[PDB]
Visitor: 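Supplied in structure tokens, the structure appears directly below.
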Amino acid sequence: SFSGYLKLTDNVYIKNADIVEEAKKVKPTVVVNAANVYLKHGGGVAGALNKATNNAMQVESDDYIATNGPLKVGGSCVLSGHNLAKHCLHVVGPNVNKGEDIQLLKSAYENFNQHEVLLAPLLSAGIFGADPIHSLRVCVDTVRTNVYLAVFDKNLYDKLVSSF
Ligand SMILES: Cc1ccnc(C2CCN(c3ncnc4[nH]ccc34)CC2)n1
């Protein structure tokens with residue numbers, strides 16, 4: 001199971017870790033990807049997870065988009081987890097650097113409630129431009145299932161914990 005996490009609430013836990021390395025160690029049922037609507041996994045969490053799959057995630061994703069079209073901001077889809085997890089839940093948080101509505105962050109986190117346990121990043125953090133402290137608050141106030149959050153940056157992790 002998951003190891004070395006700090007308990008934040010009844011159902012939310014946090015660790016200073018690269019989500020990709022955590023997925024390789026744990027091989028969880030569900031790993032969350034910080035996706036965009038096109039499932040173009042270029043950088044951040046998505047680029048890192050895709051690289052770890054040897055680009056198989058991107059090939060699968062391109063076929064999904066060719067069939068279904070883009071996701072919605074706030075939406076998700078379940079695809080394979082490849083070598084990292086049984087499933088990858090690709091969740092689109094709003095990208096504030098693209099002008100997307102930050103109120104869609106709660107909708108994005110609601111997708112987590114469809115899964116009993118998830119390994120996940122903070123949505124809309126990092127290159128998506130939102131305040132990670134706000135993202136953690138929305139996570140705790142929205143997700144009811146068991147969420148193991150991996151935060152790569154140690155200073156941000158320490159700030160998240162000490163201001164919680
Ligand atoms: C202020 C600041 C500075 C540097 N990085 C960050 C973010 C980057 C995205 N991120 C991740 N957290 C967990 N596993 C991950 N794998 C790849 C990215 C990633 C959370 C922290 N924010």
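Atoms within each ligand, like the ligands themselves, are counted from 1 in listed order. For this chain, numbers begin at 1 and follow the sequence in order. All heavy atoms count here, side chains included; hydrogens, waters and symmetry mates do not.
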Visitor: To the nearest 0.5 Å, what is the distance between OG1 (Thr142) and CG (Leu105)?
Guide: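 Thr142 atom OG1 to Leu105 atom CG measures 7.5 Å (nearest 0.5 Å).
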Visitor: What's the spacing between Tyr64 OH and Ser80 OG if we round to 0.5 Å?
Guide: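 Here the rounded value is 14.5 Å.
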Visitor: Going by an N to O cut-off under 4.0 Å, is there a salt bridge joining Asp62 and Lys40?
Guide: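 Here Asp62 pairs with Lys40 in a salt bridge, since their nearest N and O are under 4.0 Å apart.
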Visitor: Would you name the heavy atoms of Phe112 and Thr145 that are closest together and state the gap between them?
Guide: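 So the minimum-distance heavy-atom pair works out to O-OG1, 3.1 Å.
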Visitor: Rounded to the nearest 0.5 Å, how far apart are NZ of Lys98 and CZ of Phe128?
Guide: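 Going from the NZ atom of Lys98 to the CZ atom of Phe128 covers 6.5 Å.
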Visitor: Got a second to check how far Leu122's CG is from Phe152's CZ, nearest 0.5 Å?
Guide: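 Separation between the atoms: 14.0 Å.
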Visitor: For ligand 1, which of its N or O atoms have a protein N or O partner closer than 3.5 Å, and how long is each gap?
Guide:
residue: ligand 1; atom: 12 (N); partner: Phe152; partner atom: N; Å: 3.0
residue: ligand 1; atom: 14 (N); partner: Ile19; partner atom: N; Å: 3.1
residue: ligand 1; atom: 16 (N); partner: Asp18; partner atom: OD1; Å: 3.0

